[PDB]
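Report on the structure given below.
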Amino acid sequence: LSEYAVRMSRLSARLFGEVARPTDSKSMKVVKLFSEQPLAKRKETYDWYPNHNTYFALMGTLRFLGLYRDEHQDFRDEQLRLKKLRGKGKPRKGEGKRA
Amino acid sequence: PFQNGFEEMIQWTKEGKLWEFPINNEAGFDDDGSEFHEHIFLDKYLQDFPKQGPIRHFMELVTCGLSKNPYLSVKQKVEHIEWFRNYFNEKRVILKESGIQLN
Amino acid sequence: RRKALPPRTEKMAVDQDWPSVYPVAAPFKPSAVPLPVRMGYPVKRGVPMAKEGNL
Amino acid sequence: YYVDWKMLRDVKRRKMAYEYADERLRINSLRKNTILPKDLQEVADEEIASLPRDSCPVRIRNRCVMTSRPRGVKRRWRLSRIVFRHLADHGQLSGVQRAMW
Amino acid sequence: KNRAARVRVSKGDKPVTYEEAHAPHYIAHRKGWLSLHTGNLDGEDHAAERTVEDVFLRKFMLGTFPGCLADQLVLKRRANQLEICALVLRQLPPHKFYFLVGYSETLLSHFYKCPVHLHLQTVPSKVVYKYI
Amino acid sequence: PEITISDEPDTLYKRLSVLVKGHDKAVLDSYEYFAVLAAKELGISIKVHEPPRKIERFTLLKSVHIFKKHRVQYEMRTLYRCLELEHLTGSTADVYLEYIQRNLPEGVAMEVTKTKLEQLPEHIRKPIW
RNA sequence: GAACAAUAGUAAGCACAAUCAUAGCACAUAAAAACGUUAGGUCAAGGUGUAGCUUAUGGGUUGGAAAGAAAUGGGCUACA
Ligand SMILES: [Mg+2]
Ligand SMILES: [Mg+2]
Ligand SMILES: [Mg+2]
Ligand SMILES: [Mg+2]
Ligand SMILES: [Mg+2]
Ligand SMILES: [Mg+2]
Ligand SMILES: [Mg+2]
Ligand SMILES: [Mg+2]
Ligand SMILES: [Mg+2]
Ligand SMILES: [Mg+2]
Ligand SMILES: [Mg+2]
Ligand SMILES: [Mg+2]
Ligand SMILES: [Mg+2]
Ligand SMILES: [Mg+2]
Ligand SMILES: [Mg+2]
């Protein structure tokens, strides 16, 4: 090692646009901190779930508008029909417990 | 009405709906009109800051970081260094109390 | 009212150039295809399923 | 309707973690620096501590997209093994085959 | 016994398409693939989104075309445009068929914000590879 | 077909390398026949090789709840073809790669590396500061 | 409900076998493995039949857990 080596390295450093003045290994993290995309910002993170409200509401609309057809919702519906026709329904809010 | 499949493709492409060939992945993104020396050299916004202080150590690491970053445009980097000016000058009391006079 | 109209292989000239009929990227509609083609793993009958309705 | 209340709170954790993200990055820039004073670091400490803890990165949990299963999730497809296997076996998943060697 | 995606032996009368007559372990041996896209290759991205897209396209095509869908839906993805290929039974008159063709192409191009192309091939009765 | 000639000195390429990735072999074989026959007509003078295949294998638990002695093993194979073109122009490049790219199959992906020939930059020519 | 110098059995279907995968063979391994059995496992992957909860068996915040007197299964590292 030499002073010629230190000055050569500083030359390369300030030239290439890398870290110029000697720093700790610890502080260097902050370098890498702005050198990247932060974790919570990445599209592979915040865009993880497709919007469920979108598909759900869209297809339900398209259904009542008579375009899409949901056999699951028809099963459900028909079964709550035969559940309430029996007399066991879903109580109007506030009524069930105390009465 | 359509005369051919090629007419289909042609119209989709004029409309900008069909993709552009031979594909460059940068098609449709101009990056604000910027060039590298607006990205790489951040000296412009390091003008106002104490020069020999450790604040230049911290801000040179911040600078060298925002230089290496493809993920952000000019604007947001500048908002970073500006928020840093605003916050560093926000507390005048801390900097002076710490044992180094800082501008 | 049930409509069955014969495939294009019936109206096709034997030497008519191919790129006319298939200019671009396509699903392979069996009707417009003059060439008989059998795919599918054979049954023990010995018959690969026909070019018609084959998934 | 998101398939669970689980997926509800975690979605709100994705929005939030995107929102205060800049704050996080810039505060933790000073907080993790050695050269700067310890005094700016105690104050930066109270600062990221002040942020709502629903906006921090690690409070976020990876779940299967459709079936919401918290664990056994394949990172690349965001899908639980039950659903993955289901989809790939019908051949609805491209390129995925049964391994023999 | 392995129950993944299989059709059990009946009294021997059960009509079966080539598709459901082959166990998962046959995929790429005999069976082809239902969906085709770049995403699962060695060096590539966003397989997940093409998968979500796939799933919803299954749901959509089976709910939009009541009772007439013959065999499982073939998804192609080429140069950003989706070619949706469906083998469909003859039930409804041509009017409603083109209505729903245009309807689907429009709504799918516009939701997925990319050009969609829909190919329907009609079949007289469900294709039977085995039994019957 | 509108054609126009700009006076500017069109870009040269020493080696235009095209990687074609796939799952299946057959498609890449056919596509190879296609690119070869397309690059012969335009007198582009090319070669083709097969870069060795890469196989990824990962494992899932076979049952919904608990048997850990039982595992399903799933596989993804990526096969390669590489087209190597030498001594081509910029326009010949844009056309050939347009024709090759528009027709690219659905299951296959394409990665192109172009090494382009530049003489020297201006501030370097023969000044010394 | 079979006997091959054959005595009532013929049968497509599905297993096993055959082919595929392990980059050529052959082998090995891998895979494959019907029908049924153990009301075997899981309503916490998800989905549902039946019953229940609906100012609560619902939805949120905040803090709190997972301590060893032992008993044992499996491992890792050893005793040189
Ligand atoms: Mg975590
Ligand atoms: Mg077993
Ligand atoms: Mg072999
Ligand atoms: Mg063997
Ligand atoms: Mg085995
Ligand atoms: Mg076998
Ligand atoms: Mg066996
Ligand atoms: Mg029990
Ligand atoms: Mg349940
Ligand atoms: Mg229920
Ligand atoms: Mg509660
Ligand atoms: Mg808690
Ligand atoms: Mg003991
Ligand atoms: Mg050992
Ligand atoms: Mg040992």
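Residues of the range F:62-97 with backbone nitrogen within less than 20 Å of a virtual label 7 Å along the Cα-to-Cβ line of D:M100, please, listed as ranges.
Residues passing the 20 Å test: F:62, F:71-79.
Which residue, B:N24, B:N86, B:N69, has the most motion in a Gaussian network model of chain B that connects Cα atoms within less than 10 Å?
Result for chain B, Cα springs under 10 Å: B:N24 fluctuates most.
Roughly how many nanometres apart are two label points built 7 Å out from the Cα toward the Cβ at E:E20 and F:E122?
7.2 nm
Calculate how steeply helix A:52-64 sits against the longest principal axis of the alpha-carbon atoms of chain A, using the helix alpha-carbon long axis, and give the answer as 0 to 90 degrees to the nearest 10.
Its long axis makes an angle of about 30 degrees.
Considering the options E:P66, E:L34, E:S109, tell which one lies farthest towards the positive end of the dipole of chain E, charges being +1 on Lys and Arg and -1 on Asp and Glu at the Cβ, about the Cα centre.
E:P66
Let me spell out the model: positive unit charges on the Cβ of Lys and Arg, negative unit charges on the Cβ of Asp and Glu, origin at the Cα centre of chain B. What dipole size does that give, in debye rounded to 20?
Dipole about the Cα centre, nearest 20: 820 debye.
Could you size up the charge dipole of the range D:1-91 around its Cα centre, putting +1 on the beta carbon of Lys and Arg and -1 on that of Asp and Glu, and report it in debye to the nearest 20?
Using only the charged Cβ atoms, the result is roughly 840 debye.
Test of understanding: ordering C:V21, F:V112 by Cβ neighbours within 10 Å, fewest first, what list do you get?
C:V21, F:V112
Charges on Cβ only, +1 for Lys and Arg, -1 for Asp and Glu, centred on the Cα centroid of the range D:1-91; of D:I60, D:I35, D:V83, which one is farthest towards the dipole's positive end?
So the residue we want is D:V83.
Within the range B:3-103, which trypsin sites (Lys or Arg not before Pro) sit in a loop by DSSP and count at most 11 neighbouring Cβ atoms inside 10 Å?
B:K51
Excluding residues fewer than 8 places away in the same chain, name every one of the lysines whose C-alpha is closer than 24 Å to that of A:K41.
A:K26, A:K29, A:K32, B:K68, B:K75, B:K77, D:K6, D:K12, D:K15, D:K32, D:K74, E:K113
For labels at D:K12 and F:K62 in the simple 7 Å Cα→Cβ model, what's the distance in nm?
4.3 nm
Efficiency by 1/(1 + (r/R0)^6): what FRET value for F:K40 and E:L89, r their Cβ-Cβ distance, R0 = 35 Å, to the nearest 0.05?
Efficiency computed from Cβ-Cβ geometry: 0.15.
Evaluate the relative contact order of the range D:1-91 (contact order divided by residue number), counting alpha-carbon pairs under 8 angstrom at least 6 apart; express in whole percent.
It rounds to 27 percent for the range D:1-91.
Which whole number gives the average count of other chain Cβ atoms within 10 Å of the Cβ atoms across peptide E:87-100?
Across the residues of E:87-100, the mean count of other-chain Cβ atoms within 10 Å is 1.
Please identify the trypsin sites (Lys or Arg not before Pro) of the range A:1-70 that satisfy two criteria: DSSP loop assignment and at most 11 other Cβ atoms within 10 Å. Which are they?
Those that pass, being in a loop and sparsely packed, are A:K26.
Shielding by partners for D:77-84, please: the mean number of other protein chain Cβ atoms within 10 Å of each residue's Cβ.
Neighbouring Cβ atoms belonging to other protein chains average 5 per residue here.
Which of E:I132, D:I27, F:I5 has the fewest other C-beta atoms within 10 Å, and how do the rest follow up to the most?
F:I5, E:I132, D:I27
For chain E, rounded, prolate or oblate, judged on the Cα gyration tensor with a ≥ b ≥ c (square roots of eigenvalues), a/c < 1.5 rounded, else prolate if a/b > b/c?
Note, shape of chain E comes out oblate.
Pairing the Cα long axis of helix D:21-31 with the longest principal axis of chain D, what angle in degrees results, from 0 to 90 and rounded to the nearest 10?
50 degrees
What stretch of chain F, leaving out the sites themselves, is the longest with no trypsin sites (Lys or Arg not before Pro) in a DSSP loop having at most 12 other Cβ atoms within 10 Å?
F:70-124
Suppose every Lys and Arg Cβ carries +1 and every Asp and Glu Cβ carries -1, with no other charges. What dipole size does the protein assembly as shown come out with about its Cα centre, to the nearest 20 debye?
Here the size comes out at about 4920 debye.
Could you pull out every one of the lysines with an alpha carbon less than 20 Å from that of C:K51, ignoring same-chain neighbours closer than 8 positions?
Once the sequence-local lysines are set aside, what remains near C:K51 is C:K11, C:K29, E:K31, E:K76, E:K126, E:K130.
Residue by residue through the range A:84-98, which ³J(HN,Hα) values in whole Hz follow from phi under the Karplus form 6.51 cos²θ - 1.76 cosθ + 1.60 (θ = phi - 60°), with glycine and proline marked x?
7, 4, 6, x, 9, x, 10, x, 4, 4, x, 7, x, 4, 5
Among F:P1, F:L61, F:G90, whose Cα lies farthest out toward the positive end of the dipole of chain F, if unit charges sit on the beta carbon of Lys, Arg (+1) and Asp, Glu (-1)?
F:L61
Need one number: nm distance between label points at B:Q52 and C:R45, each 7 Å from Cα along Cα→Cβ, rounded to one decimal.
Spacing of the two 7 Å Cα→Cβ label points: 9.6 nm.
Of the GluC sites (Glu not before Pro) in the range F:45-129, which ones lie in a loop per DSSP and count no more than 10 other C-beta atoms within 10 Å?
Loop-located and lightly packed - F:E118, F:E122.
Count, for each residue of B:15-21, the Cβ atoms from other chains sitting within 10 Å of its Cβ, then give me the mean as a whole number.
Partner Cβ neighbours, averaged per residue: 4.
Distance between Cα centroids, the range B:1-71 to chain C: provide it in whole Å.
49 Å
Applying the Karplus parametrisation 6.51 cos²θ - 1.76 cosθ + 1.60 with θ = phi - 60° to the phi angles of the range E:101-118, what ³J(HN,Hα) value in whole Hz is obtained for each residue in order, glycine and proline being reported as x?
Along the range E:101-118, the couplings run 5, x, 3, 5, 4, 4, 5, 7, 4, 7, 6, 7, 6, 8, x, 10, 9, 10 Hz.
What's the ranking of E:69-78, E:121-130, E:44-53 by average number of surrounding C-beta atoms within 10 Å, highest first?
The most tightly packed comes first, giving E:69-78, E:44-53, E:121-130.
In sequence order, what are the phi-derived ³J(HN,Hα) couplings for the range B:47-64 according to the Karplus relation 6.51 cos²θ - 1.76 cosθ + 1.60 with θ = phi - 60°, rounded to whole Hz, with x for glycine and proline?
The phi angles translate into 4, 9, 3, x, 7, 9, x, x, 4, 6, 5, 4, 6, 7, 6, 4, 4, 4 Hz.
From the helices alone, meaning DSSP H stretches of at least four residues, give me the mean residue ellipticity at 222 nm for chain D, per-run term -39500 (n - 2.57), in deg cm²/dmol to the nearest 500.
Mean residue ellipticity at 222 nm (helix-derived): -14500 deg cm²/dmol.
Scan around E:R78 for amide H atoms under 5 Å from its own, H built in the peptide plane at 1.01 Å from N, and keep only partners 5 or more places away or cross-chain.
Under 5 Å from the amide H of E:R78: E:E83.
Note down the relative contact order for chain F as a percent, whole number, built from C-alpha pairs under 8 angstrom at least six residues apart.
About 42 percent, as a whole number.
Of all the C-alpha pairs in the protein assembly as shown, what % are more than 33 Å from each other?
More than 33 Å apart: 63 percent of the Cα pairs in the protein assembly as shown.
Quick note: the coordinates plus some simple rules give every number you see, no bench work behind them. We place every Cβ from the backbone using ideal geometry, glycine too, and count neighbours over all the protein chains shown.
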